[PDB]
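# need a structure here:
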Amino acid sequence: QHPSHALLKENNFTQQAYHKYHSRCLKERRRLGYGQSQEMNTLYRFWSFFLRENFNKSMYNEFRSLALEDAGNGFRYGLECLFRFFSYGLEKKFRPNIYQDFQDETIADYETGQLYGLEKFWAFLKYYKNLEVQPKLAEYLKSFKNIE
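Numbers count the residues shown, from 1 in each chain. Below, you will see the structure:
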C-alpha cells in the first residue's frame, strides 16, 4: 500500500516511516514546482485526514503554509484539503485556536473570489452540534444564505 494510506491505518503510524515518505514528497515538489507533484498531493490528503484525530502543531503549520503558497499561484488542492480538515476536524475535537484560524482562512478565501471555504465554514456551523463569528465573516455568511 502507498504510505499515504498505510500511515493512516489504526495504530501503525511511525516516525521513521513518515520521515521517508514526507521527504520524497517535498523533494518531488521542490523538483517539479507548485501544484505539479501528485506525490505532494497525496501528502495534502494524508494531513487532511491524519490531523483530524492525530493533531500536530508541527505538521499543521507546514500543511497550512504550503497549501497557501500553492493556492497563491492558483493550485487549490492543498487549501481544499485544509478546509476539509477544518470542517471535519473541529467537528471531532473543537480547538479554539484552530477555529479562529478556520475563520481567518475563510475570510481570506472569500476575498480572493472563492466560495469553497465559505461553504465549508457554513457547513461546520450548521452541523456543529453546539459560536462567535468575526462580523465580516458574519455578513459574508448572510449573503451565502441565497445559495445554501
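
# Following element in sequence after the longest helix along the chain, please.
Determined from DSSP state H, the single longest helix within the chain is helix 15-32. Later in the chain than helix 15-32, the nearest helix or strand by DSSP states H and E is helix 38-53.

# Pick out the residue closest to the middle of this structure.
residue 82 (0.9 Å; Cα atoms, centre = their mean).

# Not counting sequence-adjacent ones, nearest residue to that residue?
Spatially, and ignoring its direct neighbours in sequence, residue 82 is nearest to residue 67 (4.8 Å; Cβ to Cβ, 6 or more residues apart in numbering). Where you see a C-beta, it was placed from the backbone N, CA and C, and this is true even at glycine.

# Okay, and that neighbour sits in which element?
Secondary structure from DSSP H and E places residue 67 in helix 57-71.

# Packing partners of that helix?
helix 38-53, helix 77-92, helix 96-111 (3 or more Cβ pairs under 8 Å, 6 or more residues apart in numbering; DSSP states H and E).

# will you turn those helices into CSV that also has distance to residue 1?
Below are the helices and strands packed on helix 57-71 laid out as CSV (distance: least, Cβ to Cβ, whole Å):
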stretch, distance to residue 1
helix 38-53, 12
helix 77-92, 20
helix 96-111, 29
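
# For residue 120, find the nearest of those helices.
Judged by Cβ to Cβ, the one of the helices and strands packed on helix 57-71 that comes nearest to residue 120 is helix 77-92, at 4.3 Å.

# What residues of that closest one count as buried?
Of all the residues in helix 77-92, those buried under the rule 16 or more other Cβ atoms under 10 Å are 77-90.

# Could you do stretch 7-16 as well?
So, applying 16+ other Cβ under 10 Å, buried residues of stretch 7-16: 7-8.

# Likewise for stretch 100-111?
Across stretch 100-111, burial judged by 16+ other Cβ under 10 Å covers 101-103, 105-107, 109-110.

# Which elements pack onto the longest helix of the chain?
By 3+ Cβ pairs under 8 Å, 6+ apart, helix 15-32 packs against helix 3-6, helix 38-53.

# okay, the first one in PDB with CA atoms only?
When you say that, I think you mean helix 3-6. Output in PDB follows, covering the C-alpha atoms of helix 3-6 (Å, rounded to 0.1, in the frame of the first residue of the first chain):
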ATOM      1  CA  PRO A   3       2.400   5.400   2.600                       C
ATOM      2  CA  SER A   4      -0.500   8.000   2.400                       C
ATOM      3  CA  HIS A   5      -2.800   5.100   3.300                       C
ATOM      4  CA  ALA A   6      -0.600   2.800   5.400                       C
END
